[PDB]
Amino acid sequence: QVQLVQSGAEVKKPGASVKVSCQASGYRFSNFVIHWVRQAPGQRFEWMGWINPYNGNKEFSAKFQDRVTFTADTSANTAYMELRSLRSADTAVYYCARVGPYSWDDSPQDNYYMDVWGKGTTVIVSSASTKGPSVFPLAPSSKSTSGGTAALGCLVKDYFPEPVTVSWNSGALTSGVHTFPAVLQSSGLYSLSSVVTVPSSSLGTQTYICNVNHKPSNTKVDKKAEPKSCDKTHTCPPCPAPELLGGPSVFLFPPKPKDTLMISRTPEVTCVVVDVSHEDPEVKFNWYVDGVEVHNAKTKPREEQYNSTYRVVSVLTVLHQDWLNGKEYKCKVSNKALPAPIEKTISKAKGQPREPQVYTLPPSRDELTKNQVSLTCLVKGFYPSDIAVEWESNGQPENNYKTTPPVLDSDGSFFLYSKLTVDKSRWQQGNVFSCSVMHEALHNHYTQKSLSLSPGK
């Protein structure tokens, strides 16, 4: 278990002096000699000398005799190496090794070869005071994929003394990584570069941040190597929203006719708001029924508009009795960007009711040559215009139909037409179609008229 342990790395300046230790064990310390060999960057190993623990006898290399001091301490089992007047060139790893076993058949010094070494101790000798690493991105540009991938990395330039550790994505990214060995600059600062190849596609999708470390200056840095944006302050200025209105504006809407007449549905009065600047998006509504306020309202979330405006809406599901009686509703809205509180009122269209006459009309003979025919429903004589027209057959609702809007007639009442389109076959198969009309001036607010091919078939 013959082992040799040396001191730790050290960093001196041009003129200082270093003293490295060398402690052994596993063998008789004063029964062997200790050599001292260094190896500077790019240089061959250099033997400096040797000292003998048993009698302190030491031989020096012509190149270090005048500057080295081999001093042993048998009590501690440690050999010391001391170099002084250290200049730059003296930078290197200084090892200490023990001679080999003095065999029987060998002559004096035949065993003086480096038998067991130590891990050496690095010694940097320069006039560069500690500094912090620089983190610059080696980002990929939009080059040609052709038949390959992309590469990006980090540059750790101008620091002292080394080392430095680099990782990508807090130890998540390892494969493909290549941290290059430091390079001492004419400035006396080490340079470094860590790179990684990754699929070209992932560029815009994956996040790559290299973690840089440099303990000597207790510095840490994490930079996101992001692909250089191909945009040079691409022209198109900040703060793109308008402002030439007496604040936002309000518009109110009444419930749908059928809803007010038929029970299956509940009345809904909508209050919409637009032109709600982004500087003041907060909106508040208030509801007054004939003056008497109520909070049973519900406000749907806000949405964004094309030209930088919002669409806030408050739907106050009102009641049949209220609406039909002529109850007056009011939606008051106030916004900070608005000078005055905008409030609007809504209520059922009043007027002397007139009972609608419903008439179904079969297809014209000429249209019978087509594959689809028109079943017509005429509704006339009604007032007010609020009405609902629906079509059904065999207990089910037809789909394909369109009703004209109410049209003012010669006498002040309204009339309209609803057109149901159905395949000629259904008409000829004798199916019975019926037009349902829902209006306030109808008994039970409901009436029906049927239509079907003359008896025949």
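Numbers follow the displayed sequence, beginning with 1.
> Test of understanding: from the entry's C-alpha B-factors, which stretch has the higher mean, 187-195 or 328-336?
If you average the C-alpha B-factors of 187-195 and of 328-336, the larger mean comes out for 328-336.
> Could you check the entry and say whether 12-20 or 438-446 has the higher mean CA B-factor?
Mean CA B-factor is higher for 12-20.
> For the C-alpha B-factor as written in the entry, point me to the maximum among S175, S385, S308, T149.
It is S308.
> Which has the highest CA B-factor per the PDB entry: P108, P238, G118, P353?
Comparing C-alpha B-factors across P108, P238, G118, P353, the maximum falls on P238.
> Would you check the entry's CA temperature factor for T205 and let me know if it's in the chain's lowest, middle or highest third?
Answer is lowest: the recorded C-alpha B-factor places it there.
> Which third, lowest, middle or highest, does the CA B-factor of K224 fall in along this chain?
Within its chain, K224 is a middle-third residue by C-alpha B-factor, going by the deposited values.
> When the deposited Cα B-factors of this chain's modelled residues are ordered and cut into thirds, is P341 in the lowest, the middle or the highest one?
Tercile = highest for this residue's CA B-factor.
> How does the C-alpha B factor of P216 compare with the rest of the chain: lowest, middle or highest third?
Answer is highest: the recorded C-alpha B-factor places it there.
> Divide the modelled residues of the chain into thirds by Cα B-factor and specify which third, lowest, middle or highest, holds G153.
For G153, whose C-alpha B-factor we compare with every modelled residue in the chain, the answer is the middle third.
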